[PDB]
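Please treat every number below as a calculation from the coordinates, not as lab data. For neighbour counting, all protein chains shown are included, and Cβ atoms are generated from backbone atoms with ideal geometry for every residue, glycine included.
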Amino acid sequence: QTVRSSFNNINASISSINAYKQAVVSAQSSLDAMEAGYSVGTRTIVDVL
Amino acid sequence: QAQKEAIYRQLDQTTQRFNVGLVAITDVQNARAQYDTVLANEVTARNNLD
Amino acid sequence: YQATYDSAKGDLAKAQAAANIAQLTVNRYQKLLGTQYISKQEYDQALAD
Amino acid sequence: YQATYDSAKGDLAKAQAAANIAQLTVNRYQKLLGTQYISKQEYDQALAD
Amino acid sequence: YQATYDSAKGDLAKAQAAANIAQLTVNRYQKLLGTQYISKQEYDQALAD
């Protein structure tokens, strides 16, 4: 039972890694959006923070 | 499984909206992130049943 | 003609009240503009109003 | 006729202020649109305005 | 009469711009309607506009 559970845990971790990487990419895109808006003049410093 | 179906349909709707052109790319990235999170959740639930 | 004059004066008073509130809002936004706590778009819109 | 001329000049000034703020918004949105950070619908709406 | 003609032409240009943006929006909605991703009420409203 321990071997089976430990084998499944690795696949779960791989899927979690992929999901978190995509979330990081989306967050970076949002930050770039806020920075571009702030530089243009449509945003405040609080938004980029 | 039901949640995965709903989230995939929402992501497809967002992609169609972007392709026609109604939303920025940030919305598409957010939808893809949510879909990947749902895929990971489905994998976790399958392993829990096992 | 006195009635017409009274109507014109009332319309002028209404316009003056609108201008007063707009000027107050602009003056309030101007102080916040100094410390980058309000986006330039909102200040431009208030100035136009 | 002087009073009528002054009224016409005031109307022209109001229209010019509206056009100025619309042009500023259009320029900012065109600056943002170049690399897909705002929707094309917003840009079209600003252009129409 | 030249001034009146110019004013009428300006009004026509304003109406044409409004019609153009409405047509663009309704075309995009019609493009999206094929896969059942927008409620028919929204498309009917856009067509009426």
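Numbers for the structure displayed
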{"quantity": "Hey, D:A8 of a type in the set (A, V, I, L, M), in a helix (DSSP H, G or I), facing another protein chain (nearest Cβ under 9 Å) and surrounded by fewer than 16 Cβ atoms within 10 Å (Cβ to Cβ) or not", "calculated": "no"}
{"quantity": "Among the residues listed as A:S5, A:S39, A:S16, the single one being in a helix (DSSP H, G or I) and either under 10 Å from the mean Cα position of the chain (by Cα) or under 21 Å from B:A31 (Cα atoms) (or both)", "calculated": "A:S16"}
{"quantity": "Answer residue from region B:1-46, given it is farther than 20 Å from A:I17 by Cα and basic (K, R) and is surrounded by the fewest Cβ atoms within 10 Å (Cβ to Cβ) among those", "calculated": "B:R9"}
{"quantity": "Residue match in region B:6-21 (condition: more than 10 Å from chain A (Cβ to nearest Cβ) and part of a loop (DSSP other than H, G, I, E, B))", "calculated": "yes"}
{"quantity": "Residue list for region B:25-50, filter: at the interface with chain A (Cβ under 7 Å from one of its Cβ atoms) and among the aliphatic types (A, V, I, L, M)", "calculated": "B:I25, B:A33, B:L39, B:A40, B:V43"}
{"quantity": "Selected residue (criterion: nearest to D:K14 (Cα to Cα)) from residues of chain C that are among the β-branched types (V, I, T) and out of contact with any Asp or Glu (no Cβ under 8 Å at 6 or more places or on another chain)", "calculated": "C:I21"}
{"quantity": "In region A:10-48, residue nearest to D:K31 (Cα to Cα) [restricted to those that are of a type in the set (D, E, K, R) and more than 14 Å from chain C (Cβ to nearest Cβ)]", "calculated": "A:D32"}
{"quantity": "Within region D:12-46, tally of residues that are in a helix (DSSP H, G or I), over 20 Å from E:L24 (Cβ atoms) and away from chain C (no Cβ under 13 Å)", "calculated": "1"}
